[PDB]
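Participant: One structure is given below, represented as structure tokens, and several questions about it will come after.
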Protein chains: 2
Amino acid sequence: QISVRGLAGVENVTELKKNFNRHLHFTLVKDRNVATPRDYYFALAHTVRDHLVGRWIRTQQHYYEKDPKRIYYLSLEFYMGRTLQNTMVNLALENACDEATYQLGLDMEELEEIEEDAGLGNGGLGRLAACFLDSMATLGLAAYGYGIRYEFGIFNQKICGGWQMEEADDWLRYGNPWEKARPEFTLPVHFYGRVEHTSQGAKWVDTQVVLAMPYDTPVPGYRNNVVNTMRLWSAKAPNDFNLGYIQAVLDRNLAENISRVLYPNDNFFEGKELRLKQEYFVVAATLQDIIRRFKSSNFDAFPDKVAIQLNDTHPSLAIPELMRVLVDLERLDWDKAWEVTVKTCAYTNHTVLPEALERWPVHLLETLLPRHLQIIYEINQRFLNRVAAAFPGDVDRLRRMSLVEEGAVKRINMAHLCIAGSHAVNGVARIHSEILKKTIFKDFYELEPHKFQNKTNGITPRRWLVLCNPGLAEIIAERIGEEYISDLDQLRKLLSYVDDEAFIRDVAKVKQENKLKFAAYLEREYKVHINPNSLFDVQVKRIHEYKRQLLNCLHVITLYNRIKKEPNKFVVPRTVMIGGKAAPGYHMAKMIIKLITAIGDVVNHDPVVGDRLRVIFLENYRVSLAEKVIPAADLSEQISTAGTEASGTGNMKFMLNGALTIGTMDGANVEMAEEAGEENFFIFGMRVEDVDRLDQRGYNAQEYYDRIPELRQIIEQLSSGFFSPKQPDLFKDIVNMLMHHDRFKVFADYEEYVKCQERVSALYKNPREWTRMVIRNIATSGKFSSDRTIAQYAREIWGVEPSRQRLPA
Amino acid sequence: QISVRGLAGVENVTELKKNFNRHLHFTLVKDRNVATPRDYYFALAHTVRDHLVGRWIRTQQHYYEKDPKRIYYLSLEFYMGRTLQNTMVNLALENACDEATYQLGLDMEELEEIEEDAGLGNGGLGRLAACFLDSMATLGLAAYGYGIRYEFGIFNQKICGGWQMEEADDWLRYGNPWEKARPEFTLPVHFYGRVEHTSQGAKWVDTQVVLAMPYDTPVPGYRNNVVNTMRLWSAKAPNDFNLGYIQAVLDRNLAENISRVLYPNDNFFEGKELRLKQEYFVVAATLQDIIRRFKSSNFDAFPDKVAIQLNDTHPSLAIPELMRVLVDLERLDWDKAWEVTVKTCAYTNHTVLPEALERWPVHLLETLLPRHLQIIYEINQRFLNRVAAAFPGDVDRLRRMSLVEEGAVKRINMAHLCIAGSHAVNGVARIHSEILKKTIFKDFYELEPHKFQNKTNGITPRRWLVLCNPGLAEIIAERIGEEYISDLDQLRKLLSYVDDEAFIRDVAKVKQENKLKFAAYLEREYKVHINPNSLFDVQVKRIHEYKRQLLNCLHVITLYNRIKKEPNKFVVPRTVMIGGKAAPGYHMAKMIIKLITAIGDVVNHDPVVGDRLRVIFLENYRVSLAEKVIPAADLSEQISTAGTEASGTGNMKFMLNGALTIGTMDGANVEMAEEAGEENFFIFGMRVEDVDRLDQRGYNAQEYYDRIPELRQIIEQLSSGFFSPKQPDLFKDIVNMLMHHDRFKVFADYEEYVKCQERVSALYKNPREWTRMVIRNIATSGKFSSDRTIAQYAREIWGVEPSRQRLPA
Ligand SMILES: OC[C@H]1O[C@@H](NC(=S)N/N=C/c2ccc(F)cc2)[C@H](O)[C@@H](O)[C@@H]1O
Ligand SMILES: OC[C@H]1O[C@@H](NC(=S)N/N=C/c2ccc(F)cc2)[C@H](O)[C@@H](O)[C@@H]1O
Ligand SMILES: OC[C@H]1O[C@@H](NC(=S)N/N=C/c2ccc(F)cc2)[C@H](O)[C@@H](O)[C@@H]1O
Ligand SMILES: OC[C@H]1O[C@@H](NC(=S)N/N=C/c2ccc(F)cc2)[C@H](O)[C@@H](O)[C@@H]1O
């Protein structure tokens with residue numbers, strides 16, 4: 001149907017049809033009379049996966065023969081979403097499969113909706129890992145993602161009576177056709193025990209053993225025949241475990257609980273033993289696998305052949321684990337082992353919020369990982385000796401920089417461990433990396449300035465344009481060809497079409513089609529009715545106070561109050577959509593969801609409002625939902641308090657897909673506005689500097705309440721029970737926080753936000769000028785490809801050159 | 001190589017080779033350079049399973065179109081063993097696969113050893129279910145086996161320091177290629193809750209729900225293109241289960257524990273809640289599936305279309321569950337529902353030992369299954385009213401026959417429930433069925449004599465001759481053709497060859513080859529050395545006092561003592577092999593294993609004994625081990641106290657494979673001796689009548705100790721520490737039991753057993769006459785085919801005719 005989806009040749013279509021029928025019969029044990037829609041999905045998935053096999057085997061054989069430097073990306077999260085369409089896109093099979101299934105009397109898009117998301121992450125950090133794997137494969141790097149195969153991913157969100165309910169994401173229930181179990185590479189992982197000192201060094205003894213069994217998932221590059229591996233570990237008890245009899249077998253569950261469930265905290269730290277076990281489990285298994293692969297090729301050459309990237313501090317135990325193996329098992333001297341470790345490891349930081357930082361109680365590490373605690377103490381002593389030598393007499397620097405935090409309970413600061421033990425430390429957007437050098441890691445930057453880098457985040461244009469928005473991809477390819485898909489900078493060529501009447505019309509038509517499709521998806525699966533001619537105002541991301549869904553709520557209520565005051569005045573119609581999950585133990589975030597639905601309950605049923613304003617909470621926001629809503633959006637809400645969102649990546653997805661952005665100068669928003677031009681961005685609010693000035697003076701919310709009548713009215717409505725008639729004081733916690741304990745200064749940006757929103761509405765009244773500004777955004781979105789990000793990691797951190805060359809088919 | 005293994009045509013071999021390579025590549029994601037032996041096994045298993053698919057789909061479609069009466073065999077145990085060779089045998093693919101793998105440079109026998117046993121049973125009862133499924137498929141019956149898919153089967157036995165250790169049988173670790181998950185037939189099962197009475201009947205409410213997910217395994221008939229189904233249920237928590245958050249997800253394990261592990265008791269009853277849950281789980285899920293299939297075709301016709309066979313009392317809850325569904329859900333009146341239930345259900349009893357009988361405490365059923373308890377009370381009331389009418393004034397009969405047992409804790413006698421609610425009750429050998437009518441169910445037989453039947457057990461000659469003993473199968477087929485494999489009575493034709501010199505030589509040669517092969521298996525996998533010219537004296541079966549492994553031990557010690565007394569006298573050399581698992585909580589059985597190994601420790605290292613006597617404990621006795629040892633045996637030990645072994649089936653396996661039997665007149669031994677002739681059997685010991693006479697007088701072990709000097713010496717050796725020098729009193733429990741508390745009268749059969757064993761040795765000195773007696777045993781083993789057994793169930797209980805006709809290929 002459309003060109004970027006590839007060729008549908010007669011031989012290909014015929015062979016796909018034959019192989020689909022073969023799998024239905026031999027694999028699924030069905031014929032056409034009894035086959036369920038799920039059966040059809042599986043037949044297609046097996047048919048497509050067959051095409052990966054040859055390329056997967058030869059890619060891995062190629063790395064064995066050429067022995068390049070290997071990149072190991074360690075993460076506790078890989079937020080992959082669905083795999084079927086992505087595989088078809090990267091193999092150029094989409095049109096062929098569409099034709100083949102059509103001839104079999106099946107709708108492929110219907111089949112695609114059957115696949116479960118692999119929801120093995122919470123939000124931005126997990127999705128970043130996934131975009132990175134795509135880009136590393138596309139850039140021909142010998143890269144492996146290593147993580148945990150959680151039996152349960154991020155919970156499915158249900159909304160009951162306006163409240164979030166959580167249910168188990170049993171994503172493996174029907175079996176996962178995209179994985180291959182690798183039982184021959186099963187490895188032991190040790191816990192507890194004690195340290196013995198012998199004539200020739202320490203020994204870690206009397207440990208409990210849990211087995212780590214790997215499952216491999218293919219990561220195909222974009223039409224280059226490269227297929228890399230994501231290896232995820234599953235926990236298994238040994239067979240003599242606990243070995244009255246019945247109970248011993250039942251207790252195997254205790255060991256296997258390690259890989260049972262993803263912790264659902266986003267930017268928040270809970271010091272639970274199970275989480276610590278998960279972190280060590282992935283690190284211990286991964287490092288053994290890395291060492292094994294390195295020997296099957298003298299640890300001096302280790303950093304020349306191995307790079308380990310730590311995705312936040314979650315896998316920080318790789319640093320003392322590597323030291324443990326090198327010193328205790330391989331018998332290297334300390335200083336050489338340390339040199340190897342530092343040159344091998346690099347660390348990426350993803351947040352500056354203090355409550356999100358991992359600080360593990362010493363008593364936990366003492367019991368669970370006694371040898372690692374000893375190694376950490378020794379690292380700290382040697383590091384602090386370096387600090388004392390560089391800054392003689394500066395005793396407070398010594399306590400600030402210590403890996404060991406003193407107080408009620410002694411804790412290990414894992415970020416300090418990561419900096420000390422890594423040759424490179426990076427933030428994820430220019431402003432974030434600057435904040436790290438100026439504030440939270442200032443002392444470290446002064447000691448070792450060469451370690452600190454920036455690597456601005458990106459997203460893959462395969463999933464986030466070609467896959468989710470084929471209509472846009474096609475009209476772009478019509479003018480500039482297909483090369484931009486793996487070289488996104490080529491989108492600059494579209495600046496030549498900003499006055500092109502045909503292109504303006506096509507861009508606007510593609511958006512309308514996406515909006516119509518999304519309006520249809522809402523009616524069918526949720527029975528909610530929306531005006532597709534309204535401005536689609538979208539804020540989708542995890543629920544957090546810093547992200548300020550509450551500021552958006554205040555704007556929504558402002559618009560409602562203005563309409564009620566002057567009902568017969570024209571306003572640009574809006575559909576305001578807010579979606580995102582709240583961490584199950586985060587009370588304020590759960591109250592915010594309830595507020596949003598409560599506002600919708602009033603606004604959506606007011607006859608005077610009509611079709612001019614609707615507020616919809618998008619339930620169960622996840623990767624597959626993002627693929628649907630993002631192409632449909634007109635306005636992207638990126639409204640975090642300046643200095644709080646390290647980068648953001650949702651922002652980049654909206655930019656690439658033809659939405660304009662309303663945002664603060666925070667995270668990557670700054671660089672997006674720089675690329676597009678400030679005139680083509682809706683910027684409002686305090687800058688980082690203004691926030692600093694306010695903190696020095698002291699933030700007084702009452703001042704804003706006293707000076708802004710429209711704000712006072714909203715607070716009075718919330719307090720009095722206007723939005724909760726049966727429970728008048730339902731939102732008292734929200735009001736109290738806004739008035740007395742607001743870390744994120746919601747009121748301080750209110751006036752500027754409302755005014756800026758008026759300017760958005762003004763521009764939307766002029767469709768032609770709205771679309772020209774859109775074209776200017778899409779055209780300058782190139783920098784935000786994760787291909788650019790990964791090429792920078794490769795050159796500036798890992799010491800490897802990317803390659804756009806094909807492997808033989 | 002040999003004829004009964006089928007044809008190896010050029011087209012077949014070529015296609016097998018191509019498909020093997022295809023699976024190695026696409027399914028296993030390997031090439032020949034990295035492939036492990038396990039990879040090769042899996043490639044072959046997938047290659048073979050492909051051949052089942054068409055036949056499986058058409059068999060099930062045939063049953064749908066013809067709508068025959070369906071047979072449902074309900075069992076908590078299916079002891080299947082390995083599936084690869086069995087599938088090849090039944091599809092006539094063995095020679096073709098052997099040739100195909102040979103041309104690929106692989107040894108198929110080596111590949112076969114990689115497969116895990118499906119050890120989903122304990123012993124005879126579980127293995128009977130498996131032979132029955134084979135025979136039902138071979139006889140073209142529309143039959144389904146229904147059970148539980150245990151994650152852990154019967155434990156693997158390790159012997160450490162002469163003691164049994166248990167380890168978890170993680171048989172699914174690498175994945176099971178012989179099953180297909182059927183998630184679309186997932187059904188809810190209810191537990192706990194309470195009963196509410198409304199205007200129109202009882203309602204079971206406030207229950208907890210566990211999901212039952214089915215997995216289907218094919219059961220191929222012998223070369224008739226029939227493939228039946230064994231459907232096994234796995235327990236799964238619903239997604240909102242327990243739905244702080246982390247713990248709720250972790251607690252899903254509680255629901256899923258239902259299908260985690262097989263209870264390892266053999267002929268012993270433990271009233272544990274988890275076991276009760278397993279029993280209801282299989283019954284509730286199975287009955288819903290049965291009803292669903294019946295409707296997709298007025299409950300008057302239910303018994304015309306459905307038969308349910310209860311394998312012991314373990315699935316006895318089918319009776320009140322069927323009533324529950326018919327009365328509470330379908331709204332049938334009681335008397336009609338009862339009529340349907342009785343005509344649908346039949347019950348097979350497998351033991352007379354009182355400690356093995358299921359008697360569930362009322363308080364357990366009250367909490368777990370409140371509605372079922374009420375239904376059971378109502379069944380009991382109506383049944384006892386019938387008894388009172390038939391036997392007026394017989395108040396003690398009333399309490400004897402009650403389903404409710406009075407006392408300390410009230411219990412439900414599940415055997416009484418089964419008799420009351422079944423149209424047919426059978427024992428499993430003629431003597432056993434007679435004992436049921438005369439003793440434990442005498443009252444029931446008097447009330448309803450027409451219900452009581454005999455169905456003597458059998459074994460499948462596919463697994464237990466063709467598969468495990470191809471050499472014997474071949475020399476038989478040379479003389480009489482191949483028809484006997486599905487018509488075992490044809491073996492009578494071999495009586496014509498009892499004086500045939502060529503046949504005598506061939507029978508003896510096949511045995512020698514099997515013995516040499518088994519002697520080689522022992523050296524390689526266990527480093528134990530045996531004389532292959534010795535008489536192979538084998539007792540393999542679960543360890544139990546009633547089976548009298550202890551009597552065998554006394555004989556072994558007798559032989560050792562005789563040798564030590566007259567070292568230079570000739571004796572027929574023996575290798576005495578004993579194997580079997582002990583239930584983990586059965587102390588005396590564990591002590592018996594230790595005794596056996598302790599005897600071996602003395603006998604096997606005595607220089608004076610030489611190669612004349614060896615005692616070996618066969619570790620981890622299971623189906624795949626039985627397939628190896630049984631063909632190698634010369635003497636089958638079947639020495640249970642008369643009246644205690646209901647049938648035995650190991651006995652039949654040895655008879656079919658050319659061993660002579662030493663045995664008591666117990667279980668099926670009686671019928672075996674009747675078929676072969678008493679002259680061709682080594683019968684010794686008390687008959688049932690003699691045991692009865694001894695019990696009336698009182699059994700005094702001391703009498704035997706006082707009158708038999710050889711017995712006194714053995715007891716003195718055991719007591720003094722001759723067999724345990726470092727722990728002199730190790731065996732005091734054994735001695736004390738033999739002297740004061742022996743329910744099974746070991747001493748009473750000692751003298752006769754030893755004398756009989758002397759006659760065995762005498763015959764073995766004359767190889768030609770030994771072999772002629774063997775031929776007379778093999779020739780009369782026909783009756784003991786499970787094809788005969790199943791044809792009798794079909795005609796006399798189920799009301800269906802077996803068919804030897806082929807379905808189209
Ligand atoms: O789908 C059911 C089972 O599938 C198994 N995969 C097997 S047998 N081959 N895969 C081959 C493969 C080929 C190409 C791919 F791109 C990925 C996998 C998995 O090991 C198992 O964990 C899973 O439950
Ligand atoms: O760099 C990628 C993105 O990283 C995000 N961090 C996230 S999701 N941290 N989760 C931390 C976490 C902590 C404990 C957990 F149990 C789970 C997750 C940043 O907020 C965002 O600005 C940035 O764009
Ligand atoms: O082997 C890995 C997985 O295999 C799956 N089987 C699939 S995909 N097809 N089987 C088809 C089949 C064909 C012929 C047979 F005689 C049996 C099965 C099972 O459902 C799953 O529980 C198991 O873990
Ligand atoms: O009919 C077949 C065979 O049945 C046997 N019974 C067996 S194995 N009962 N197991 C009972 C059991 C009880 C509780 C459990 F948790 C497990 C098993 C008979 O002893 C044997 O003489 C006969 O040949």
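We number each residue from 1, going along the chain as drawn.
How was it done? The header gives X-ray crystallography, 2.0 Å.
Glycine too: its Cβ is placed from the backbone N, Cα and C atoms.
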Participant: If you check Swiss-Prot, which of B:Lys437, B:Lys547, B:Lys653, B:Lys726 turns up marked as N6-(pyridoxal phosphate)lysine?
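Facilitator: My reading of Swiss-Prot gives B:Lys653.
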Participant: Using all protein chains in view, find how many other C-beta atoms are within 10 Å of the C-beta of B:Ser402 (phosphoserine).
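Facilitator: The answer is 17.
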Participant: At the unmodelled stretch of 6 residues, I want the CA-CA distance from B:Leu243 to B:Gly244, to the nearest Å.
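Facilitator: Cα to Cα across the gap: 9 Å.
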Participant: Between the recorded positions B:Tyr144, B:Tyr215, B:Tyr445, whose Cβ has more other Cβ atoms within 10 Å than any of the rest?
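Facilitator: That would be B:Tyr144, with the most Cβ atoms nearby.
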Participant: According to DSSP, folded down to helix, strand and coil, what is B:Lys653 (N6-(pyridoxal phosphate)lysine)?
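Facilitator: Reduced to three states, the DSSP call for B:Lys653 (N6-(pyridoxal phosphate)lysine) is helix.
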Participant: Of the recorded positions B:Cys97, B:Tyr192, B:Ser720, which one has its Cα closest to the Cα of B:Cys131 (site 'Involved in the association of subunits')?
Facilitator: B:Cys97
Participant: Would you count the other CB atoms within 10 A of the CB of B:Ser720 (phosphoserine), including those on all shown protein chains?
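Facilitator: Total other Cβ atoms inside 10 Å, all chains included: 13.
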Participant: Only counting partners 6 or more residues apart, tell me which same-chain residues put their Cβ under 8 Å from the Cβ of B:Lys653 (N6-(pyridoxal phosphate)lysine).
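Facilitator: Set apart from B:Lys653 (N6-(pyridoxal phosphate)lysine) by at least 6 residues yet with Cβ under 8 Å, we have B:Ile459, B:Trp464, B:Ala626, B:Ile630.
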Participant: B:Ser297 and B:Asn298 flank 10 unmodelled residues; Cα separation in Å?
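Facilitator: Across the 10-residue gap, Cα separation reads 11 Å.
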Participant: If you compare CA-to-CA distances from B:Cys97 (site 'Involved in the association of subunits') to each of the modified residues B:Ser3, B:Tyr215, B:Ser402, B:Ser486, B:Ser720, which comes out shortest?
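Facilitator: Going through B:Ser3, B:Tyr215, B:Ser402, B:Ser486, B:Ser720 one by one, the closest to B:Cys97 (site 'Involved in the association of subunits') is B:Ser3.
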Participant: Within a 10 Å radius of its Cβ, which of these modified residues (B:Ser3, B:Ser486, B:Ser719) has the fewest neighbouring Cβ atoms?
Facilitator: B:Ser3
Participant: Just to confirm: which same-chain residues, 6+ apart in sequence, have a Cβ under 8 Å from the Cβ of B:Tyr192 (phosphotyrosine)?
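Facilitator: Sequence-distant Cβ neighbours: B:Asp206, B:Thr207, B:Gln208, B:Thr367, B:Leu368, B:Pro370.
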Participant: When you rank B:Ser3, B:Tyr144, B:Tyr215, B:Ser402 by Cα distance to B:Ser486 (phosphoserine), which of the recorded positions ends up on top as the closest?
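Facilitator: Of all the candidates listed, B:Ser3 is nearest in space.
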Participant: Of the recorded positions B:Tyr144, B:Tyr215, B:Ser402, which sits closest to B:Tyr445 (phosphotyrosine) by Cα distance?
Facilitator: B:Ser402
